[PDB]
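Each of the two blocks below gives one form of the same protein chain as structure tokens; they are labelled structure 1 and structure 2.
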Structure 1
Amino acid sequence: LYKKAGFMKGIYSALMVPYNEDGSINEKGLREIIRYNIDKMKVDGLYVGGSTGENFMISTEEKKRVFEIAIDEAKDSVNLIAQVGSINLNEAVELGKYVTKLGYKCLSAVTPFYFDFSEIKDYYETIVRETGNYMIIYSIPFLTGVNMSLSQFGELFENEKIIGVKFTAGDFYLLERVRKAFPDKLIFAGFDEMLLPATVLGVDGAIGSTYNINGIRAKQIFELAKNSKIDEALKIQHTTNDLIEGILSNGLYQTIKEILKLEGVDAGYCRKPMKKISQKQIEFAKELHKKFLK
């Protein structure tokens, strides 16, 4: 339908945040990662604040500082989505209000793992109505759960400001059903290693962490599959998944940071008392870079 926010289509990097040794934000490194994504990966958008290991119990003051820097550095060059969930509802509202005042024009949220569908719906609709901003839902509204039902999607998509969904589990029957039932909503693939089969089911783009270093190939897959070049897209998805297979066996986030540094980006190391990367994983990351990205 013509009412879709079609300008939002494309490849979004789940923005990696670098940290200093003491745990604070490496603001200079963060600006380098933003610039690398915009200028070298050529991403269509940035997805800021997704919950990972190092992201989760960081202070909201540091969450806010990441949001300020990201929109200051990106300006209006790419689309932005700010994830403001994974915290209590009143906390998520004050964060949604803050990023809205900063100028973010689209929110996303996943709920905390405390549950009933009425509580999920109220969580989303509260953020929307208290911030006045647009909202991308998650297909799985918390971690240890499963994808929502088709009629639950309808309850949420009844809200005009709930404009799309990040699809995080690869149920491709449900993905087809959601695409058919809501042609006016955006669907973003959350699974980088399944971008090609998602693209032919009509997803509007993809949100992923590997696009920080593999955004060029990802954009090629998306574009070729939508323009009658499926054989070429499949070969690039094959190459991409050789890289992803190695990234996954070597530790996803620590390997992305190592390859960023091999590309000259001051990405540091994984934060917190999160497990230190090993000498063997350092060497494997170097081999992955030489073979796939150098």
Structure 2
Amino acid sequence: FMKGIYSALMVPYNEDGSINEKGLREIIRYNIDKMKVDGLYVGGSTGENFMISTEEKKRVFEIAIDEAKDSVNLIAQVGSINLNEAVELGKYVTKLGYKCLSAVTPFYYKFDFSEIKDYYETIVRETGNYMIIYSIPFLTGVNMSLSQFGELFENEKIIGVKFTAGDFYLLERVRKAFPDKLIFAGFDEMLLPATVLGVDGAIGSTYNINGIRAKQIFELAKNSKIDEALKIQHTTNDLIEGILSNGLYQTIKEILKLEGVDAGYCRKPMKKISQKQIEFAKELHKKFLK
């Protein structure tokens, strides 16, 4: 029921570093109305979201839920810092109406798997909400074993997993071992291969600007029209190759400003986008998205 394309909301910032509330609402509206996404992924690692305070993470969650209402599905990423920040955020967004959570493991310590399980099971026990897990524990690089997925999926309110690494063998194994769980692709350049292996959705940050093509790839592949889907994936990956060449986070923001959305400013010590990269973003915009 949570299927479809999700855009990873990137939070825009004012000149002074605070959150640009009206700019945040404009990005939500652009994703819902123009990109016609099936959901929003709020609080993800995308861009520079993990640096903001707990207080500012809570204001972003409330602004998002009040502007999106339920035109779309919403998932709240509440992990990363530690387990009690995850629980406080998890019960705040549960009280705001967020019907699903996700959590990356904490960054301050390399936890064994038995502590990953306690971490995830505690967020489900203390919030009562649904949970999406990550196939890779935060900053470890190693995918979880298929046996470890089974131990986590024994909990019924852990309803899915977001794949960040493009291991399609493990993806296929998880897909067959757990036909009742949701699997989200977290790689936009390989959406077509993921869709034919039966993923239920995709979460990406390019879908802020390329959501239309992604919904077509997702829909055409689930109806076995591979010839047309591969051709759109070829065009999508020419956009992504240019965006990556040009700096992905800043190119997406610069393209959003070319579409009439105030995507805000960057926070130090990140270097400002150059004139050559602004002109290159406009060439990408006119070639692929206008």
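Rigid core: the largest C-alpha set superposing within 1.5 Å between the two forms. Each residue is numbered by where it sits in the sequence of structure 1, with counting from 1.
- Annotation for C270: C-alpha shift of 2 angstroms or more between structures 1 and 2, rigid core superposed.
- Taking the core as the fixed frame between structures 1 and 2, we note the C-alpha of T100 moving 0.4 angstrom.
- The shift recorded for the CA atom of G53 between structures 1 and 2 is 4.6 Å, with superposition on the rigid core.
- Core-aligned Cα shift between structures 1 and 2 at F142: this is 1.1 Å.
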